[PDB]
Amino acid sequence: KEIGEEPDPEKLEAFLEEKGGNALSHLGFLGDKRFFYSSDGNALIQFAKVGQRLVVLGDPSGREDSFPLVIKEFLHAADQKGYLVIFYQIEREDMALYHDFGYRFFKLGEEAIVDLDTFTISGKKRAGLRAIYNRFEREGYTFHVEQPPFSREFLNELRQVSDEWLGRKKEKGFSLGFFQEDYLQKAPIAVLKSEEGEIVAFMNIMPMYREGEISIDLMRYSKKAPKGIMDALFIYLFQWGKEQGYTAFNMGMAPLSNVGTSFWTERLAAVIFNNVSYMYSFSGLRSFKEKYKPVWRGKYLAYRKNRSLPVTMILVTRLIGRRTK
Ligand SMILES: NC(=O)[C@@H](N)CCCC[NH3+]
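- In the PDB header, X-ray crystallography is given as the technique by which the entry was determined, and 2.100 Å as its resolution.

In structure tokens form, the structure reads like this:
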């Protein structure tokens with residue numbers, strides 16, 4: 001029998017609320033990743049199979065005290081089938097869990113974490129964001145957060161916006177969300193309507209698996225959405241989040257800066273610049289998120305062989321592109 005369990009929404013939902021989760025836990029409702037529950041029943045590893053190589057999405061979910069156990073069991077179970085195990089988008093404070101198994105780390109980027117309490121558009125340099133907000137407020141756009149269950153009529157209106165936003169592009173997966181009705185029923189959906197009540201944009205609000213932190217997964221808008229649409233949505237989102245009592249917002253991962261000062265090869269360099277599309281949501285520009293003055297939280301790739309790092313990145317990139325062969 002193949003390693004891991006079939007993705008089960010009911011079991012996952014029960015687990016994430018009774019044991020807790022992380023930033024990438026909600027992505028398990030896409031049904032495109034296999035699950036590996038620990039024998040303790042307190043920890044969970046989500047992953048995807050690519051040939052003889054398994055790619056884990058993030059750190060384990062659940063009780064952190066069972067994290068060494070689930071990693072031990074998962075790696076052992078993969079040792080039997082002779083599979084290579086890769087960990088994608090883990091955090092620094094959990095490096096000790098993987099270092100003992102001889103894993104190396106590579107910084108993929110940083111997540112923009114915006115303080116909702118100290119965020120404002122009243123700043124002297126915040127004249128740009130305040131102008132965008134005022135214009136949307138002037139033209140009569142309204143922001144609303146809807147709760148599941150959602151009707152077909154509502155989903156149809158979201159699909160029209162989504163399809164128009166996608167264009168000729170197809171959906172990505174694994175570490176990114178896509179338009180699935182089952183998945184969309186699992187969380188609140190925030191919409192932006194015009195004066196005529198026409199939905200021109202939508203976002204799905206991702207569950208609190210931390211302190212007072214929230215985030216979104218999908219952010220899509222139609223062609224009739226005004227310029228600065230993405231900036232406007234985050235402003236409305238931050239306003240709503242602060243109103244609900246949330247402390248922080250995760251704007252998703254952004255590419256690293258040029259550091260400022262080598263293990264760099266031409267192989268690795270070409271792969272990374274090719275990759276700048278599949279790992280950074282909303283905008284591939286770090287400056288887009290940086291202007292919100294966020295606290296950067298690094299995400300790392302856990303690998304074993306350094307010479308196989310360029311290939312590893314390609315396999316993960318294609319996995320996000322929904323191809324495993
Ligand atoms: N999951 C997301 O961030 C979606 N808003 C876009 C994914 C497909 C991009 N071509």
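Thoughts on the site of the ligand
Next, step 1: In the vicinity of the ligand, the contacting residues are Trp165, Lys172, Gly177, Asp217, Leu218, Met219 and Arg220.
Next, step 2: Contact distances for the ligand include 3.1 Å between a nitrogen atom and a side-chain N or O atom of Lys172.
Next, step 3: Between a nitrogen atom of the ligand and a main-chain N or O atom of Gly177, the distance comes to 2.8 Å.
Next, step 4: Its free accessible area being 320 Å², the ligand has 91% of it covered by the protein chains.
Next, step 5: Looking at the shell around the ligand, the element that brings in the most residues is strand 10 (residues 213–221), giving four residues.
Next, step 6: Here the residues of the shell around the ligand are counted per class, giving three nonpolar, one polar and three charged.

Some points on the pairing of strand 11 (residues 248–254)
Next, step 1: Where burial is concerned, most of strand 11 is hidden: seven out of the seven residues are buried.
Next, step 2: When strand 6 (residues 104–115) meets strand 11, the two strands line up antiparallel, connected through five bridges. Opposite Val114, over in strand 11, you have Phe249 as the bridge partner.
Next, step 3: Note that strand 10 and strand 11 share three bridges and pair parallel. Its bridge partner lying in strand 11, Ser215 is registered against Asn250.

Considerations on the nonpolar core
Next, step 1: Judged by nonpolar contacts, the single largest core of 49 residues is most densely connected at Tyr88, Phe106, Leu158 and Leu301.
Next, step 2: The biggest single contributor to this core is helix 10 (residues 309–320), with five residues.
Next, step 3: In contact with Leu158, not counting residues within four places along its chain, are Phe179, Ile189, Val191, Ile199 and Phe202.
Next, step 4: The next biggest cluster of nonpolar side chains, apart from the first, holds 37 residues, and it includes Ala225, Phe238, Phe249 and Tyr292.

Structural notes on unusual backbone geometry
Next, step 1: Here the amide bond leading from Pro148 into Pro149 is cis, since omega sits at 5 degrees, within 30 degrees of zero.
Next, step 2: Locating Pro149 in the fold gives a position in the loop between strand 7 (142–146) and helix 5 (152–166).
Next, step 3: Here the phi dihedral of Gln89 falls at roughly 60 degrees; this positive angle occurs in a residue that is not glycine.
Next, step 4: By secondary structure assignment, the location of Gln89 is in strand 5 (residues 84–90).
Next, step 5: Even without being a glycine, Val259 presents a positive backbone phi close to 55 degrees.
Next, step 6: Following the sequence through the fold, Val259 ends up in the loop between strand 11 and helix 8 (266–275).
Next, step 7: Here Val259 falls in the exposed class, since its relative accessible area comes to 76%.

Topic: the environment of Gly58
Next, step 1: Looking at the element boundaries, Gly58 is found in the loop between strand 3 (53–57) and strand 4 (61–62).
Next, step 2: Leave out the neighbours within four places in its chain, and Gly58 touches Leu24, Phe87, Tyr88, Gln89, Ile90 and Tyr98.

Quick word on the pairing of strand 8 (residues 189–193)
Next, step 1: In terms of burial, strand 8 is largely enclosed, as four of its five residues are buried.
Next, step 2: Taken together, the five bridges between strand 7 and strand 8 define a ladder with antiparallel strand orientation. Counted as the bridge partner of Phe143 is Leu192 from strand 8.
Next, step 3: One ladder, built from five bridges, connects strand 8 with strand 9 (residues 199–206); its direction is antiparallel. Within strand 9, the position partnered with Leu192 by the bridge is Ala201.

So, the side chain of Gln46
Next, step 1: Its location among the elements puts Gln46 in strand 2 (residues 43–50).
Next, step 2: There is a polar contact of 3.3 Å between the side chain of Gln46 and the backbone oxygen of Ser25.
Next, step 3: A polar atom in the side chain of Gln46 sits 3.5 Å from the backbone nitrogen of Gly28.
Next, step 4: Excluding residues that lie within four positions of it along the chain, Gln46 makes contacts with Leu12, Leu24, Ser25, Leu27, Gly28, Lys33, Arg34, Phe35, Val55, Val56, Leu57 and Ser61.

Quick look at helix 4 (residues 127–138)
Next, step 1: The end-to-end C-alpha distance of helix 4, which contains 12 residues, comes to 16 Å, matching closely the 16 Å that a straight helix rising 1.5 Å per residue would cover.
Next, step 2: Within the sequence span of helix 4, burial applies to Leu129, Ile132, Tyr133 and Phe136. Projected down its long axis, helix 4 carries its buried residues within an arc of 95 degrees, all on one side.
Next, step 3: Where helix 4 is buried, its residues meet strand 8 and helix 7 (229–244).

Digging into the packing of helix 4 against helix 7
Next, step 1: At their nearest, the axes of helix 4 and helix 7 sit 9 Å apart, and the two run at 85 degrees to each other. Classified by the angle their axes make, helix 4 and helix 7 are roughly perpendicular. Taking contact as the criterion, the partners of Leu129, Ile132, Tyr133, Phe136 and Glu137 in helix 4 are, on helix 7, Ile229, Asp231, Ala232, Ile235, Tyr236 and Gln239.
Next, step 2: Of the residues assigned to the contact of helix 4 with helix 7, the class counts are eight nonpolar, one polar and two charged.

Remarks on the packing of aromatic side chains
The description of an aromatic ring pair uses the distance of the two centres, along with the angle that the planes make with each other.
Next, step 1: Within the structure shown, the criterion is met by 26 aromatic pairs.
Next, step 2: Centre to centre, the rings of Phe87 and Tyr98 are 4.6 Å apart; their planes meet at 55 degrees, and the pair counts as tilted. On the criterion of sequence distance, the pair formed by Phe87 in strand 5 and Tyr98 in helix 3 (residues 95–99) is long-range, its members being 11 residues apart.
Next, step 3: Accessibility expressed as a relative area gives 1% for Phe87, which makes it buried.
Next, step 4: A cation over a ring is seen here: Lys291 above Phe288, with NZ or CZ 3.7 Å from the ring centre.
Next, step 5: Looking at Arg304, its charged tip hangs above the ring of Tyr103, at a distance of 5.9 Å from the centre.

Conventions used here
- Residues numbered from 1 in each chain as written, not as in the entry; some residues may be left out.
- Heavy atoms only, no water.
- Residues with missing side-chain atoms left out of burial classes, pairs and counts.
- Near = heavy atom within 4 Å.
- Polar contact = N/O pair within 3.5 Å; in protein donor to acceptor, adjacent residues only side chain to side chain.
- Areas by Shrake-Rupley, 256 points an atom, 1.4 Å probe, with all protein chains shown as cover.
- Helix = DSSP H or I, 4+ residues; strand = E, 2+ residues; numbered from the N terminus.
- Nonpolar A, V, L, I, M, F, W, Y, C, P; charged D, E, K, R; others polar.
- Buried < 20%, exposed > 50% of the residue type's maximum accessible area, 1.4 Å probe, protein only.
- Pairing = 2+ DSSP bridges.
- Core = buried A, V, L, I, M, F, W, Y, C linked by side-chain atoms within 4.5 Å.
- Contact = heavy atoms within 4.5 Å.
- Expected span 1.5 Å × (residues − 1).
- Arc of directions from axis to C-beta.
- Axes fitted to C-alpha atoms, helices over the stretch in contact; angles between N-to-C directions.
- Parallel < 35°, antiparallel > 145°, perpendicular 65-115°, else oblique.
- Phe/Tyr/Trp six-rings, centres within 6.5 Å; stacked < 30°, edge-to-face > 60°.
- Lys NZ or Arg CZ within 6 Å of the ring centre and 35° of its normal.

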